[PDB]
Amino acid sequence: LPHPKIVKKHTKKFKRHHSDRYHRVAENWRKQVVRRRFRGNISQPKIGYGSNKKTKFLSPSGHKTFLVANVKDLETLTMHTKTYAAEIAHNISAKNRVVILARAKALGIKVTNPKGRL
Amino acid sequence: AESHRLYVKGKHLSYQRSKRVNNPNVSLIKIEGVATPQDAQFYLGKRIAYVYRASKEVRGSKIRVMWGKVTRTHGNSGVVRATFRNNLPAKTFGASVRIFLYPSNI
Amino acid sequence: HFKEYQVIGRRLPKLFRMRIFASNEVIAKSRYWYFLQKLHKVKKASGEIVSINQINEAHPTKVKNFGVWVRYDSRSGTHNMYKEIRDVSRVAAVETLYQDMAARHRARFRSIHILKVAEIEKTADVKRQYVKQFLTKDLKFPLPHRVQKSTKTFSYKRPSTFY
Amino acid sequence: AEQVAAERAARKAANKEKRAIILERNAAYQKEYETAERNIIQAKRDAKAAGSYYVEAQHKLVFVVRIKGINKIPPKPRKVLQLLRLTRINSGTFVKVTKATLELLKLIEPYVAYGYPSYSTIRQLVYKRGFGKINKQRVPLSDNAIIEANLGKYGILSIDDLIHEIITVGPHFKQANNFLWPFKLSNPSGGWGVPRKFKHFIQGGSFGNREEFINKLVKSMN
Amino acid sequence: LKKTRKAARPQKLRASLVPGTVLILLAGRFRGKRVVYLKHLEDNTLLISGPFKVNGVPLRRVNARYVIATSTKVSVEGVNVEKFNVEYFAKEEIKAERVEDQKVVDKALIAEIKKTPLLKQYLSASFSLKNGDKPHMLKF
Amino acid sequence: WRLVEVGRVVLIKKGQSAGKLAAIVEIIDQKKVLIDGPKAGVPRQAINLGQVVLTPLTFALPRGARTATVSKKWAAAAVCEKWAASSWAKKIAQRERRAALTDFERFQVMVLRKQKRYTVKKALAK
RNA sequence: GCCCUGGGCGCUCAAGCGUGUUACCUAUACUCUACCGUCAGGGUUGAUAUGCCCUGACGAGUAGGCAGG
RNA sequence: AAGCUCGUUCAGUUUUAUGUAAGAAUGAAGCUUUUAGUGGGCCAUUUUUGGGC
RNA sequence: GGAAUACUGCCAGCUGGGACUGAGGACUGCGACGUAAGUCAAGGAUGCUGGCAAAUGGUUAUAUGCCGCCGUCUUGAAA
């Protein structure tokens, strides 16, 4: 099926330089020897790591994750069920989760995060 | 027959490298008996298998095996470059290896 | 592996002629042009190389005591030298002379001039002992301390050097 | 409609006629090359037999390949290479042989190697790495129509015509050379041979005029 | 999907593989055993026989790339292998036909094997390597 | 003690003529000599002593003998027959045949070796 | 020509020196191909659009300038 | 960056004129106007200065 | 007198072994085969087969092969 090998290019998520040594430094990437990309140092994110358009944002299951919080939003995917998968927000109560899951199953839309609070 | 060997034995030297830079994606495998690249030409394309034992019982057995392949010769001593789907650990430097006789053509 | 070529020039006449030993015709032409300036006053743009042809040994199957006159530019000027070499062909004889000069005087293709090469067909004409010793009647001598290239890393017989 | 078959038949007939024209042109070019080589050999034989030296014609076509990197290049050789389209290393193009160009090679000689190509090498280069420049874009030469459209007015309608024009240095040599994108060449398969590349070829180096050896070098670098 | 232009050209077998040739298997339960080639199947496999009565190897499908060729050949013209086909190995415990067909095939080859002296025992012995062996030098 | 001399027969170690027999016709210098071997097909050429090993056999050859004379003297001396009888030539032929042995030939060799070993062991002690 | 007075292990028909001949080691260099982006050219609506595309080239960098998140 | 309008005009590119009418080769524009920053020494080289500098 | 052979260059000559790559997405285009239907290595891979309820793989710890304290400072890149 149209789910070719999705090469992540760089699976390891970047980390802020010297963040491990000092606690106060957060792990969020921030620019400043690292600026000179010396040998044996962490690589700097750049345009080379861009993901392919035809596979960008695609999950390993080969479907886009779309957040849904109401019946209308789930129904909007009825035309695009082949490509867009449903995803229930964490703030949705379990009461509406059952209805959302039932509607998705009846319309064939896959749920990325089922069993939530069930 | 006492001997059941069907694979040519050898040794693992080190990965392809320079003076200070080493690429583990390519492994230099030495085959016993080979002396020149001309002799090593026959071993090109032969599967290379490394066998090691682990205390834990893996899904199939107590033995774990890596499935590689031969790529090209190396050096004037008959060394041949070997590539594996998963690179061998650096601790196996100098360890033996199994070179099967297939796929063959003779 | 040198090669013998005959190169002539006339600056577009007298048709100056000399023998040049080079690995290829391109090097032979450059050496001929360089020697033209030493012999007389001529430039590359003056004319053109009338003809260049490789000369092959008449019969590379006979041992000849080649007498060679060679001039080389040492570190302190240039001096005329004469030597005799026992060989089978001029191409090999000149190469041996070049190697000997590079080994001792450290003179190389850049600073070596070949003047004349001629065979010696009579004994006692060679005044160099190192060649004269080989001009005697059929002789015999051993080759002590012979060695063999042991391909195997290990040996179990303790090899001997006897011949 | 009837267009689907009519247009196909008309274009096929036109293509067949053009193919026959190109075939006859290629046969004529091959016959001309064979006759020229035979006549040259016969002239050399006559000169040798008559006890007179031969007067070989001057080499009217040369090929130059960049051998040194951009770093530390003095401004004059760099400008010469830029105006000769020898920008990136291991790149070359055909140039007419004249004093205006020989004196240019004299300056870039330390950083370039050149010589006299041959029909086989030229054909191999044009067939493999031959890239044409159209509308400032780089278009590989894969169909005779592509070359014909850009050089039809000049009497060139096939790859063989381009090769013939390039080798013979005909009246349209300027246009033929300009249309050809600078050749991208790999490093020699067998290596440069000499331990030190940055030396004159006549003294065991690399850069400099090597005449026929350029054909051998190109094939290894092709 | 575009119309891929890749025709199913018939397989070309190396000249070292001829019917009646003695084959050696490097992989499988019968690895190291000597087998006799019979016929090439439509699935690109080689139909071979031990024969079963000599070394216990039945009629099986094998891949050429895992088989080492040998110069020793035996007659196989009298064996009617046309009966066997790819469908003969489908499964979707030994089947009854697997015994009678194997016996019939081996009956027309045991005599040929016995014709050549020491060939029966040679096949009955499993091939294996030894210390100092150099397969590249050896002709096999 | 083998000595280099005119007419000495030698075995070439490396090159296209490796494994063939030649004879020394004229010595050029300490390290290079002229050799020939018309019977073996090796062309008349000079070779270094390091690339050739001297055999113990020897025959008379005129100094500077041409190809025809060398061939005639080689045929007259019949040095080939002596070479074959030498243990070195026998070992070379044995090695060639052993390397040329087929797998079935090797199995037959093993069977014959076992048969011979049985008798040899039975012959001992008695 | 070389010697004497004037990186570590070791090396001595060198594993020292000069030179000639082949092979091999590998940079982000070079050659073929996968992807992101910028720059350039072109198709586009009797509807297929600030869009959907085709082709080529290019990718270092402080202060500084512009653009997009 | 900012308008025009010429698609051609240009060059740290190379020899004869005596520095060029170049219908010699090779490669491939101009005037503007206002807008951030810009006041270093040095490695080698050149002119080749004398008695170390 | 005769060929042969070393060497150079050509083959729009033949025949293999091994390594990576499968990128495009219903046909439109240039070509070869064929008397025609049609076929093709001809503007990008297809056909068959086997093992699987942890499958492939991800984060992490520890050991192995190689590599390696920060911002401002004079400004010659500098300690």
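Conventions and cut-offs
- Residues numbered from 1 in each chain as written, not as in the entry; some residues may be left out.
- Chains lettered and ligands numbered in written order.
- Part of a larger assembly, values for the part shown.
- Heavy atoms only, no water.
- Buried < 20%, exposed > 50% of the residue type's maximum accessible area, 1.4 Å probe, protein only.
- Helix = DSSP H or I, 4+ residues; strand = E, 2+ residues; numbered from the N terminus.
- Pairing = 2+ DSSP bridges.
- Contact = heavy atoms within 4.5 Å.
- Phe/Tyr/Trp six-rings, centres within 6.5 Å; stacked < 30°, edge-to-face > 60°.
- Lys NZ or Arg CZ within 6 Å of the ring centre and 35° of its normal.
- Buried area = accessible area lost by both parts, 1.4 Å probe.
- Polar contact = N/O pair within 3.5 Å; in protein donor to acceptor, adjacent residues only side chain to side chain.
- Nonpolar A, V, L, I, M, F, W, Y, C, P; charged D, E, K, R; others polar.
- Near = heavy atom within 4 Å.
- Core = buried A, V, L, I, M, F, W, Y, C linked by side-chain atoms within 4.5 Å.
- Domains from an automatic or database assignment.

Per the deposition metadata, cryo-EM was the technique used to determine this entry, at a resolution of 3.9 Å.

Draft legend 1. Representation of the pairing of strand β1 (residues 22-25) of chain E in the model. Residues and elements named next belong to chain E. In β1, alternate side chains face the same way, and those of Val22 and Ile24 on one face and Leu23 and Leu25 on the other are all buried. Strand direction decides the pairing type here: β1 and strand β2 (residues 34-40), joined by three bridges, are antiparallel. Of the residues in β2, the one forming a bridge with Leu23 is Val35. Where β1 lies against strand β5 (residues 67-68), two bridges are found, and the strand directions are antiparallel. Residue pairing across strands places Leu25 opposite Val67, the latter belonging to β5.

Draft legend 2. Fine view of the environment of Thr45(E). Residues and elements named next belong to chain E. In this structure, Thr45 sits in the loop between β2 and β3 (46-49). Along the backbone, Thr45 and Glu77 are 32 residues apart, and their C-alpha atoms lie at a distance of 20 Å. Residues in contact with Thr45, not counting those within four places in the same chain, are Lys39, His40, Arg61 and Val62.

Draft legend 3. Broad picture of the packing of aromatic side chains. According to the stated counting rule, one finds 26 aromatic pairs over all chains in the structure shown. For the ring pair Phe127(E) and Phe140(E), a centre distance of 6.1 Å and an interplane angle of 75 degrees mean the geometry is edge-to-face. With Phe127(E) in the segment after α3 (119-124) and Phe140(E) in the segment after α3, the pair connects residues that are 13 residues apart, well separated along the chain. Side by side, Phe127(E) and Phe140(E) carry an identical accessibility label, which is buried. An aromatic cluster of three or more residues is present, and its members are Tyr7(B), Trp67(B), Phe100(B), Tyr102(B) and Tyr66(E). Over the aromatic face of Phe109(C) sits the side chain of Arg31(C), whose NZ or CZ is 4.5 Å from the ring centroid. Over the face of the ring belonging to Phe131(D) we find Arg138(D), whose NZ or CZ atom lies 3.4 Å from the ring centre.

Draft legend 4. Layout of unusual backbone geometry. Residue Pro103(B) is reached from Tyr102(B) by a cis peptide bond, and omega for that bond is 0 degrees. Mapped onto the elements, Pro103(B) comes out in the segment after β6 (96-100). Between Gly50(E) and the following residue, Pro51(E), the backbone shows a cis peptide bond with an omega angle of 0 degrees. Tracing the chain through its elements places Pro51(E) in the loop between β3 and α1 (52-55). Residue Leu12(C) is not a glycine yet carries a positive backbone phi of 60 degrees. Its location among the elements puts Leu12(C) in the loop between β1 (3-9) and β2 (16-22). For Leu12(C), a relative accessible area of 73% corresponds to the exposed category. The residue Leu15(C) is not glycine, and still its phi comes out positive at about 55 degrees. Note that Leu15(C) resides in the loop between β1 and β2.

Draft legend 5. Inspection of the interface of chain E and chain B at higher detail. Between chain E and chain B, the residue contacts involve 20 residues of the former and 18 residues of the latter. Carbon and sulfur atoms supply 63% of the area buried between chain E and chain B, which totals about 1,700 Å² over both sides. Here chain E and chain B share nine residue pairs in polar contact between them. Here the side of chain E that touches chain B is built from residues that sort into ten nonpolar, five polar and five charged.

Draft legend 6. Focus on the protein's contact with RNA strand H. Residues and elements named next belong to chain D. Taken together, the neighbourhood of RNA strand H is formed by 18 residues, with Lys79, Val80, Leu83, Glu103 and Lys174 sitting nearest. When atoms of RNA strand H within 4 Å of the protein are split into backbone and base, the sugar-phosphate part holds 70%. The separation between a phosphate oxygen of RNA strand H and a polar side-chain atom of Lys79 is 2.9 Å. Between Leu83 and RNA strand H, the recorded distance is 2.5 Å, taken from a backbone N or O atom to a sugar or linking oxygen. Those elements that provide at least two residues to the surface near RNA strand H are α2 (75-83), α3 (99-108) and α7 (173-179). Tallied by class, residues from the surface near RNA strand H come to seven nonpolar, four polar and seven charged.

Draft legend 7. The arrangement of the nonpolar core in detail. Residue and element names in this part refer to chain C. The biggest cluster of nonpolar side chains holds 34 residues, and the ones touching the most others in it are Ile20, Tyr32, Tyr98, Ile112 and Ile114. Elements that contribute at least two residues to this core include exactly β1, β2, α1 (25-39), β3 (49-54), β4 (64-74), α2 (90-103) and β6 (112-118). Sort the elements by how many residues they give to this core and α1 lands first, with seven residues. Residue-level mapping places this core at the junction of two domains, with at least three residues from each of domain 1 (1-60) and domain 2 (61-137).

Draft legend 8. How the structure looks around the sheet that holds strand β4 (residues 60-62) of chain E. Residue and element names in this part refer to chain E. On the basis of which strands lie adjacent, the open sheet formed by five strands has the order β4-β3-β2-β1-β5 and antiparallel pairing. Sheet topology places β4 and β5 at the edges, where each strand pairs with a single neighbour. Bridging between β3 and β4 involves three bridges; their strand directions are antiparallel. Within β4, the position partnered with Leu46 by the bridge is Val62.

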